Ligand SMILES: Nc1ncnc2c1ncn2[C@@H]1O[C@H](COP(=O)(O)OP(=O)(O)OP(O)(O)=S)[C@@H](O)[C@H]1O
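Read the single chain below, which is given as structure tokens and is the form solved without the ligand.
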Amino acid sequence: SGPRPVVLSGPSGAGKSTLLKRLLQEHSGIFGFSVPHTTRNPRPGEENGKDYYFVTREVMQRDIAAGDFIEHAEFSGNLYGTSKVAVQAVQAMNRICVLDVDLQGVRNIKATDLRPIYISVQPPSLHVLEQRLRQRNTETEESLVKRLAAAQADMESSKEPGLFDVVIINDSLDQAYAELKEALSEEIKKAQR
């Protein structure tokens, strides 16, 4: 039917953002992103199929009960979230659907018939994860400590046997990108033919 999607998870500053941009480049037209659904009225400039899939609440709740949605939320009386067929619409275009979701988002993907490659990138340790986070300055010594605690949960959760097919230790960006590229080998070769 097409190339398998990819599920990315891990700490925020552990390098998944830098690895994905390094993956989008050097692989042009290989990767794509799903389009979320919503029951909200379209905003000026938005268009169907590119920004949102605009449906009614009755259809979205019916498809939610059918298990089509990975992420789901309700902000101001309208529903939002990402559907599994939106990921399959990207896979139909011979493009690898990227999915960056929390540990809960990884569980919902396992529920649906989607068969992606679960990949979790992790720091070699929290000491160097603290080190890299302390090199720059975006937190205020309080939001930082919460981030180390938030990362600690996802490091132990990534040890769940059979939850992530490939775990990648970010010893170095060159070694991590090489392991990321080899993990998604046949899926790019399928998308590059």
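Each residue number is its position in the shown sequence, starting from 1.
There is another form of this protein, the form deposited with the ligand bound, and it is not shown here; the text below is about that form.
Transferring the ligand from its position in the deposited bound form by superimposing the surrounding C-alpha atoms places at least three ligand atoms within 2.4 angstroms of backbone or C-beta atoms of the displayed chain; the site is blocked. Though the partner is left out of this view, residue 146 does not reach within 4.5 Å of the ligand in the deposited bound form, counting heavy atoms only. The closest heavy atom approach of residue 173 to the ligand in the deposited bound form falls within 4.5 Å. Within 4.5 Å of any heavy atom of the ligand in the deposited bound form lies no heavy atom of residue 25. Taking non-hydrogen atoms only, residue 56 never approaches the ligand to within 4.5 angstroms in the deposited bound form. A single residue from the set 127, 43, 62, 159 has any heavy atom within 4.5 angstroms of the ligand in the deposited bound form; that residue is 43.
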